[PDB]
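Participant: One structure coming up, written as structure tokens, with questions to follow.
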Amino acid sequence: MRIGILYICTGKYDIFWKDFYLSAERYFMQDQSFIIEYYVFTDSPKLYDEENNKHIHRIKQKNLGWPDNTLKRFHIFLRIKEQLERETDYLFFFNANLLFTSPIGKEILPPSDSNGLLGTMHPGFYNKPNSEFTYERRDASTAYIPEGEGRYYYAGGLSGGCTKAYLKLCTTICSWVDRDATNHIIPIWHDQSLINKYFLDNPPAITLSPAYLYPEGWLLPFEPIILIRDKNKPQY
Ligand SMILES: CC(=O)N[C@@H]1[C@@H](O)[C@@H](O)[C@@H](CO)O[C@@H]1O
Numbered sequence: 001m002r003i004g005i006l007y008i009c010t011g012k013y014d015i016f017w018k019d020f021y022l023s024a025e026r027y028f029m030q031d032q033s034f035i036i037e038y039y040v041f042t043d044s045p046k047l048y049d050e051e052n053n054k055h056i057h058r059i060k061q062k063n064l065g066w067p068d069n070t071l072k073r074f075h076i077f078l079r080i081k082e083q084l085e086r087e088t089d090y091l092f093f094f095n096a097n098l099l100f101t102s103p104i105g106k107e108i109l110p111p112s113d114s115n116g117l118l119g120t121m122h123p124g125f126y127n128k129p130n131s132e133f134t135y136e137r138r139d140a141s142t143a144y145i146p147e148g149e150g151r152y153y154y155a156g157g158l159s160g161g162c163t164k165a166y167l168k169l170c171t172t173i174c175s176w177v178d179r180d181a182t183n184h185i186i187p188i189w190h191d192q193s194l195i196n197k198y199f200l201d202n203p204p205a206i207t208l209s210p211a212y213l214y215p216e217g218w219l220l221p222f223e224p225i226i227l228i229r230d231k232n233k234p235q236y
């Protein structure tokens, strides 16, 4: 089975590629049945272990700056959609500063008879009531979610599923992003708002706990499986 990792590390975020990659080569899908393809969108000339591992696919991408780096995130995946359709069976997106600490296996693969989508609970909202979810509340936006509706507050730092269903998600959100641009709207706060809208219409087959998005330094009711490295640490 072929597992595709989508990874954007333009500008000052390629410092995060090395330790992410090593942790991933160690803890992520290390059953010999799986093969891992890294699709690394960056402006870096060379990536760590690129000359050794043929599954590291460097794709050229410039820094768009904030927020287009976060707003056109799914635009970036779809420029190589055909390559993904023939080389991968599952796709997973990870934030640059994410870090694996414990083994992860087939338990996070959405079953083929489901919608084949995976979402992850945001660490700042897992214990909050519906009334405090910061959804997009403007009916003029494609990311609109009325008050009282919604189940979880999903995050944008980790999402995926089977390649077909996920590219379908990429295609939809791009359209939502573009339609709002015309109507003179930037959805707030975008990396999570559009995906929370999509996961409302399409309740994901798998919902990961914030143990898969554990912010460094926090005290949460979970063992951290994936850590969100503090960006403001001096070593970065
Ligand atoms: C994992 C998670 O939810 N992280 C998101 C991620 O999208 C990041 O870019 C930033 C906001 O842009 O912080 C957020 O919490």
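Residue numbering for the sequence shown follows PDB author numbering, starting at 1 and increasing by one per position.
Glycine included, every Cβ here is placed at the ideal spot set by N, Cα and C.
Looking at C-beta atoms only, is the number of pairs between the segment 90 to 100 and the segment 147 to 165 that lie closer than 8 Å three or more?
Facilitator: Result yes; three or more Cβ-Cβ pairs closer than 8 Å.
Participant: Grouping DSSP H, G and I as helix and E and B as strand, with all else coil, what is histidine 184?
Facilitator: Numbered from its first residue, the sequence shown carries residue 184 at position 184. DSSP places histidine 184 in coil when its eight states are reduced to three.
Participant: For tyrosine 38, does the three-state DSSP call read helix, strand or coil?
Facilitator: For this step, residue 38 is matched to residue 38 along the sequence shown. Strand at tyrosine 38.
Participant: According to DSSP, simplified to helix, strand and coil, what is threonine 142?
Facilitator: Here residue 142 refers to the residue found at position 142 when the sequence shown is read from its first residue. If DSSP states are grouped into helix, strand and coil, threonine 142 belongs with coil.
Participant: Looking at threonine 207 and ligand 2, is the gap between the Cβ and the nearest heavy atom below 7 Å?
Facilitator: For ligand 2, the structure offers nothing, since it holds only ligand 1.
Participant: Give the DSSP-derived three-state secondary structure of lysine 60 in the structure shown.
Facilitator: Along the sequence shown, one-based indexing puts residue 60 at 60. Three-state result, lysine 60: strand.
Participant: Can the beta-carbon of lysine 62 be found closer than 8 Å to that of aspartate 31?
Facilitator: What you label residue 62 is simply residue 62 of the sequence shown in a count that begins at 1. What you label residue 31 is simply residue 31 of the sequence shown in a count that begins at 1. Their beta carbons are not under 8 Å apart, which means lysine 62 does not touch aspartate 31 by this criterion.
Participant: For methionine 1, tell me which candidate among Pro203, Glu37, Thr10, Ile80 has the shortest Cα-Cα distance.
Facilitator: Within the sequence shown, the letter at position 1 stands for residue 1. Considering only alpha carbons, the answer is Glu37.
Participant: Please name the residue in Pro210, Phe16, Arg179, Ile3 whose C-alpha comes closest to that of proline 234.
Facilitator: Residue mapping note: residue 234 aligns to position 234 of the sequence shown, counting from 1. Nearest option by C-alpha distance: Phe16.
Participant: What separation, rounded to the nearest whole angstrom, lies between the Cα atoms of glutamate 216 and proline 123?
Facilitator: Translated into the one-based positions of the sequence shown, residue 216 becomes position 216. Translated into the one-based positions of the sequence shown, residue 123 becomes position 123. So the two alpha carbons sit approximately 11 Å from each other.
Participant: How many Å lie between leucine 84 and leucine 99 at the Cα?
Facilitator: The residue labelled residue 84 in the question sits at position 84 within the sequence shown. The residue labelled residue 99 in the question sits at position 99 within the sequence shown. Approximately 24 Å, taken between the alpha carbons.
Participant: Can you check which of these residues, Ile195, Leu167, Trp189, is closest to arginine 79 by C-alpha distance?
Facilitator: As a working mapping, residue 79 is identified with position 79 in the sequence shown. Ranking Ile195, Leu167, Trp189 by Cα distance to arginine 79 puts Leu167 first.
Participant: Taking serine 159 as part of the beta strand (DSSP E), name the residues at either end of that continuous run.
Facilitator: Indexing the sequence shown from 1 puts residue 159 at position 159. Its beta strand (DSSP E) spans residues 158 to 162.
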